[PDB]
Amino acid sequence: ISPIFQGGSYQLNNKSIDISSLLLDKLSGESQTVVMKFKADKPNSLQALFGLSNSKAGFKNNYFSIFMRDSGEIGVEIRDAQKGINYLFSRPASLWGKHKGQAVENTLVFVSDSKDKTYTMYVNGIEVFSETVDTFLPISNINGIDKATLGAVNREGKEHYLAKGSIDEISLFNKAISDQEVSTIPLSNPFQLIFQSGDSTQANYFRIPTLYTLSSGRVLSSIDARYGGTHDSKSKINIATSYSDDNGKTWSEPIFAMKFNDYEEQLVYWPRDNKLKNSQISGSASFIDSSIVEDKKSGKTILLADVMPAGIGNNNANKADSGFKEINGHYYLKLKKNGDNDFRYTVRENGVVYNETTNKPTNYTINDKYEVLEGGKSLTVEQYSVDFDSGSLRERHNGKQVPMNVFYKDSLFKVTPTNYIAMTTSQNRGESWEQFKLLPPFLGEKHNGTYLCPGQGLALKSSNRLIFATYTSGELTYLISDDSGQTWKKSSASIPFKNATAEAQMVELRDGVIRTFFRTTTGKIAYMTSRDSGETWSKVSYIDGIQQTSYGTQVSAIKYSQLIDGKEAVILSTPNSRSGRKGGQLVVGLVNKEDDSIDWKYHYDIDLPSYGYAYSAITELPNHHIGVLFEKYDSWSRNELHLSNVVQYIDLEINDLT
């Protein structure tokens, strides 16, 4: 249908624009849609973009408003004091401010549907909330409405929530437009989605993006496909991948690199209220924190990730246990059988489950997929599903039989409840992934596994050496392979931190010279250098000019292939803030050939200082553009949990950064 009101190019300069005589007598019926294209690159802390109010004395709480915060949050209020209704619906991190030095035109679509008693908000094509109420309040049915306002709400004759920004286009309809119709509305998005709600993964949430440019020109991405909201393990999380063959313009439908089937792949709207938001899937196995590298010699793509058994994460993982038994120099995965209080079993050669107490092989084997067989016959478990139908999280059997895996809750034989690292390989550059295999322990039998640094591995330019950074208490633990990931050795580098999340990413400054940039607990990004291809490592130094929070955030880093200002260049990606995970920047550093020092010469603001930016992935696209896939929200904030479609992709050129 045609709009009932359409207006454009309104400047919001801390002075409301009254549209009462154009709109108010045009509003009719109980369902309305607002379509608004607007910019706000210097917003006030809290500002109303659009308002319908009773502006009369004594009715200050009789209004409808579409508001935003300088955090990037969008929301609505629908209030009527007589009816006793005060709805507030909102979602953090819903907006863009700036891209490539220019204000972003956001496209907002708000549907107020009286038939379904539901209020739905879309920003930039993404549904940010959809709220069903038992008592519907039509937006123009508020008692005594007499003002329609842009850039404020008129309360008792005065301008409240004054806005700074502009509305290039605003339209209103006396209909609740359908989701199909919404999807036809043109967008001017500065970003794309690689992974997204409703795709092949059926995860409603994503975190921990990676990117890597392959020799074919294909660009590969991996990610945590997180099902139980945005929580770290314990949860249900799979590792998903997607690739682009056109310099990031389009991306393949995601597939899994690593997955468990003990719990169903469920698209769940995780509760965000203060009572229920900490609900965590507690009986599922999971993967977490992936990293990718390409091997020159074999042409294989290699992907590593942490593996967590059922119910396990960092918080409850058995410390002082690798989950392996050393027997004359060899490591064998330990197993506990149901009924036993101790781990009496190991997985020997050819998957033979061996009883250590009686020194006899059993009639059980573990196959390549870590599944339990008895006399060659595949054993099964019943899959679980999750729901909030009863008012709290429930995890229950769903009738479906799946192969019994030693990482599962219901398995007859169980692994040590601790963290592991696994690797998978692709021989077709991410079109399919081989079954993963656990990595052996590197710091001994009674030391739990190290934690993989998400992002990229390092493939040294002038050799066959592959390196994945990991971290543990007191050190970075580099995993080095010279034979296409068939065998790994460790290289330990002490850091002056106990129990820190020292997420580390590497660049090769010149042949065999590696600089590692890493997250710390000091509010500063740290670095160390190896001048012997990762064999030995320097003491720790810190970068000035970039701020992080006390808890820190992952930093991504690349060595750019082209000279900038006649010098070799390194690019870092990180939030630059001492307050939160916001103020994302790409920082361009020029290497001094005299001493390998770096002049951090250019700081490119991804978006506003106040808009969210957490974990990130950067890669040089084959055409020398920069691809950035990043968490566009504060992934630490307990106020910004369980947001959909916040991991976003952008394309930048060097001239944008400098």
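Note that residue numbering follows the sequence shown and begins at 1.
Undergrad: So, looking at the entry's B-factor column for Cα atoms, which has the higher mean, 330-338 or 575-583?
TA: Result of the comparison: 330-338.
Undergrad: Tell me which of 306-314 and 172-180 has the higher mean C-alpha B-factor in the deposited entry.
TA: Comparing 306-314 with 172-180, the higher mean C-alpha B-factor belongs to 172-180.
Undergrad: Which one of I194, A459, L276, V133 shows the top CA temperature factor in the record?
TA: Highest C-alpha B-factor among the listed residues goes to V133.
Undergrad: Per the coordinate record, which of the options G455, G523, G545, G430 holds the highest CA temperature factor?
TA: Max CA B-factor in the entry, restricted to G455, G523, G545, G430: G545.
Undergrad: Considering only modelled residues of the same chain, in which third does the CA B-factor of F50 rank: lowest, middle or highest?
TA: Its C-alpha B-factor belongs to the middle third of this chain's values.
Undergrad: Where does the C-alpha B-factor of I480 rank in its chain, lowest, middle or highest third?
TA: Middle third, going by the recorded CA B-factors of the chain.
Undergrad: For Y364, return the chain-relative third of its C-alpha B-factor as stated in the PDB record: lowest, middle or highest.
TA: Its C-alpha B-factor belongs to the highest third of this chain's values.
Undergrad: Taking the values exactly as deposited, rank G449 by C-alpha B-factor within its chain and report the matching third: lowest, middle or highest.
TA: Highest third.
Undergrad: Ordered by C-alpha B-factor within the chain, which third holds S235? Give me lowest, middle or highest, please.
TA: It belongs to the lowest third of the chain when residues are ordered by C-alpha B-factor.
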